[PDB]
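In: Provide a 3D model corresponding to the input given below.
(2 chains, ligands or ions: 7)
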Amino acid sequence: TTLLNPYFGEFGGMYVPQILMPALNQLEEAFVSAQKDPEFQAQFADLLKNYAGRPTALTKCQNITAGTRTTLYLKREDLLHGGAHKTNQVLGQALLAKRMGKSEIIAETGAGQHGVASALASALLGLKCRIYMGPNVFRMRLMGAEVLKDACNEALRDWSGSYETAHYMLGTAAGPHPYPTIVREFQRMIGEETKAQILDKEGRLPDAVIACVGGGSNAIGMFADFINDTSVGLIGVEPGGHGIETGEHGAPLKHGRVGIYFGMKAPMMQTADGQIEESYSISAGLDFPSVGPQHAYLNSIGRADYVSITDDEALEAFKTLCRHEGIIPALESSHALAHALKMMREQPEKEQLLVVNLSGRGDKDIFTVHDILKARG
Amino acid sequence: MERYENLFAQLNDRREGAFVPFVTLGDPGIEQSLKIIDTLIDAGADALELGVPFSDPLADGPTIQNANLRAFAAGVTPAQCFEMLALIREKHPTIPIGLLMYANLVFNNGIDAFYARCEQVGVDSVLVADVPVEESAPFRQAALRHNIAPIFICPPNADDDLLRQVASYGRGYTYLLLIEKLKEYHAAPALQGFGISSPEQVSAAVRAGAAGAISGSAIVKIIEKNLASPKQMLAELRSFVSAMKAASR
Ligand SMILES: C=C(/N=C/c1c(COP(=O)(O)O)cnc(C)c1O)C(=O)O
Ligand SMILES: [Cl-]
Ligand SMILES: [Cl-]
Ligand SMILES: [Cl-]
Ligand SMILES: [Cl-]
Ligand SMILES: [Cl-]
Ligand SMILES: [N+]
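Out: Numbering: from 1, shown residues only, chains lettered A, B, ... in the order given. Ligands and ions are numbered 1, 2, ... in the order given. Let me share the structure:
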């Protein structure tokens, strides 16, 4: 029994050991209660405005689109405190933890952004935060935190006989219900602001909104408020790694099969006999073998289209934004920008209004990009 | 077949409980796993619970997680596990054989086809570790269609709704971590699988009203300690299983 539907079509669910169902049911009930509580919404809004820095800017990119009929805006989640969109929903989940009378936080992280997001939120709200399997390491320790697909398996292990005291801060729109729903609702101000901002600046909805997809939280955050606007295209960009043809990628939604893992039924990269494969991307934040079930659902009904961008395309978009707009983007975000640049360049007389979710800043990536550039020459 | 029912009817006639060890298939290797399993049966295990190596064993503790890497370090695949199972059943016609699975290995190439393969090799039950009873319908149904008992975990917190669901949905045995309400609800005989490490705990579970006890990690422990000593592995396994089963009589 649940209050909300755990599935998006055939995708989603709560595929966890029986012993974790009370934790998931507790969390879902607290979330449903919190969404109807004006005091909770006001406290979350306070944190987002006065601590995280919302609303984030919407930046027009005239230098990049000169000589084409593309108008390009970047939704600037790179300007959010912490440097990425992850901060939005850790603030909400930390408030939910406190609503449930809990005082410990468990988390994991690939690109460090979510682990540092979990640590900063825990420091602000007085929660004892413990992170599994993460520079980023020193930040989390500075912020008082006690410190991989298996990373996602590290925390569930503790949250087992812990949830009476601790909350598992899942970092993307995936995992067992209610997390795909909670993470969407705590990220949807991305798309809500973008819609208001585009309307103010252009007097019309975008032709398409474009976001990179790892587990799916920044993309579903951007998409959610546009889903019922049937003329707005929703484009999610998975990592193509060295190329889909190489098998060294992170694009299960396109090139993968439905399976059951990490508490959800969803497309995943897996061997012929159902072992969960290892993904690959130049960007640690997209290096995820599955995808959130709402993206699988949106794909299946044709509401959203999913594409892939290779390491080299992402690298070129990273350089392009640095040189022509003075913004250093996360390599994750550069996948979304790269696809927008392709939409523009392939059809330069097509009139189109595009928004790219610039999910984070790329200071974390400057060492990685420097080594690749130097190794090239 | 009705191996679990025949087993519990016989154990009741003898006024004793069941002792059921768990081991990971192919740990440390196919050959020695097969010999380990024959030693457990030789020593007096009433049923078996056998794990198929999975890339991400979410619901396994530290000792169990090591068993799976040992098996992967040996190249063990699910197809090799099912040939093992057919060989085990061909040697031992009446002992109940339960599998502890992860959902993706069951769902991968079709749920019905997985339980069909279980019936073909003579498996008696399947516990899917990451499928809660609320998600279990297609698994339970496919299990029952192929004469496989779907096993459910009754956790310590279980309220009355979960108790009646577990009692209604499970067959073969109830995986316990409560006994009176399961009997009241006509549940499958309960096997305590929580911290079963000592012969006293077996005797304490039967005395509590359980039909027996499952030792889900103590056997795996004894294997981990004697890797460079295969012979002493089997002799240590034999002595422990004998001590646990004697505690059931
Ligand atoms: C996985 C992480 N971050 C991923 C990430 C992603 C991919 O995660 P989502 O698909 O959930 O947005 C996108 N953009 C940025 C800036 C990111 O850091 C992490 O920091 O643990
Ligand atoms: Cl519902
Ligand atoms: Cl409200
Ligand atoms: Cl409005
Ligand atoms: Cl036999
Ligand atoms: Cl049956
Ligand atoms: N991914």
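In: Quick check: residues of chain B near ligand 5?
Out: Within chain B, the positions adjacent to ligand 5 are B:92, B:94, B:95 by Cβ under 5 Å from the ion. All C-beta atoms are positioned from the backbone trio N, CA, C, and that covers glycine.
In: Please identify the helix or strand for residue A:309.
Out: Using DSSP states H and E, residue A:309 sits within strand A:304-310.
In: again, but for residue A:24
Out: For residue A:24, the host element (DSSP H and E) is helix A:21-35.
In: just to revisit the earlier point, buried subset of the residues of chain B next to ligand 5?
Out: Buried members of the residues of chain B next to ligand 5, scored by 16 or more other Cβ atoms under 10 Å in any protein chain shown, are B:92, B:95.
In: As CSV, the residues of chain B next to ligand 5 with secondary structure and distance to chain A would be great.
Out: Shown next, in CSV, are the residues of chain B next to ligand 5 (DSSP: H, G, I helix; E, B strand; the rest coil; distance: Cβ to the nearest Cβ, whole Å):
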residue, secondary structure, distance to chain A
B:92, coil, 26
B:94, coil, 30
B:95, coil, 26
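In: residues contacting residue B:45?
Out: Shown in contact with residue B:45 (Cβ atoms under 8 Å, 6 or more residues apart in numbering or on different chains): B:19, B:20, B:21, B:95, B:241, B:245.
In: one step back: residues in contact with the helix holding residue A:24?
Out: Residues contacting helix A:21-35 (Cβ under 8 Å, 6+ apart): A:1-4, A:14, A:16, A:40-41, A:95-96, A:99-100, A:159, A:163, A:167-168, A:176-178, A:181-182, A:185, B:132, B:134, B:157.
In: can you redo the contacts of residue B:45 as TSV with secondary structure?
Out: Listed next are those as TSV, based on DSSP: H, G, I helix; E, B strand; the rest coil:
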residue	secondary structure
B:19	strand
B:20	strand
B:21	strand
B:95	coil
B:241	helix
B:245	helix
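In: so how many other residues sit close to the nearest residue to residue B:102 once chain neighbours are set aside?
Out: Nearest non-adjacent residue to residue B:102, counting by Cβ to Cβ, 6 or more residues apart in numbering or on different chains: residue B:54, 4.4 Å away. Neighbour count of residue B:54, defined by other Cβ atoms under 10 Å in any protein chain shown: 26.
In: Tell me where chain A has strands.
Out: A:7-8, A:11-15, A:58-60, A:70-76, A:104-108, A:128-132, A:166-168, A:208-212, A:233-241, A:257-261, A:263-268, A:304-310, A:352-358 (DSSP state E).
In: For these, could you give me CSV that also reports distance to ligand 6 and mean neighbour count?
Out: What follows is the strands of chain A, written out as CSV (distance: least, Cβ to the ion, whole Å; neighbours: other Cβ atoms under 10 Å in any protein chain shown):
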stretch, distance to ligand 6, mean neighbour count
strand A:7-8, 29, 20
strand A:11-15, 23, 25
strand A:58-60, 61, 16
strand A:70-76, 56, 23
strand A:104-108, 39, 25
strand A:128-132, 40, 22
strand A:166-168, 36, 25
strand A:208-212, 48, 29
strand A:233-241, 43, 27
strand A:257-261, 23, 21
strand A:263-268, 26, 27
strand A:304-310, 43, 21
strand A:352-358, 52, 26
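In: Relative to ligand 7, which of those strands is closest?
Out: Closest to ligand 7 of the strands of chain A, according to Cβ to the nearest ligand atom: strand A:233-241, at 5.6 Å.
In: What strands flank the closest one, and is each parallel or antiparallel?
Out: strand A:208-212 (parallel), strand A:304-310 (parallel) (DSSP bridges).
In: Let me see the residues that make contact with the first one.
Out: With contacts defined as Cβ under 8 Å, 6+ apart, strand A:208-212 is touched by A:191, A:194, A:218-219, A:222-223, A:226, A:232-239, A:286, A:332-333, A:335-336, A:339-340, A:343, A:352-357, A:359.
In: If we ignore the residues flanking it in sequence, what's nearest residue A:229?
Out: In space, residue A:229 is closest to residue A:205, 5.6 Å off (Cβ to Cβ, 6+ apart).
In: so what's that neighbour up against?
Out: By Cβ under 8 Å, 6+ apart, the contact list for residue A:205 reads A:195, A:198, A:199, A:226, A:229, A:231, A:232.
In: chain center to stretch A:19-27, what's the gap?
Out: Per Cα atoms, centre = their mean, to the nearest Å, the displacement of stretch A:19-27 from the mean C-alpha position of its chain is 24 Å.
In: near ligand 7, which residues of chain A show up?
Out: By Cβ under 6 Å from any ligand atom, the residues of chain A that approach ligand 7 are A:214, A:238, A:250, A:279, A:286, A:288, A:291.
In: can you do 5 Å?
Out: Within chain A, the positions near ligand 7 by Cβ under 5 Å from any ligand atom are A:214, A:250, A:288.
In: Tell me if I'm right that the last one and residue A:250 touch.
Out: Put plainly, it is residue A:288. Yes - counting by Cβ atoms under 8 Å, residue A:288 touches residue A:250, with 6.0 Å between them.
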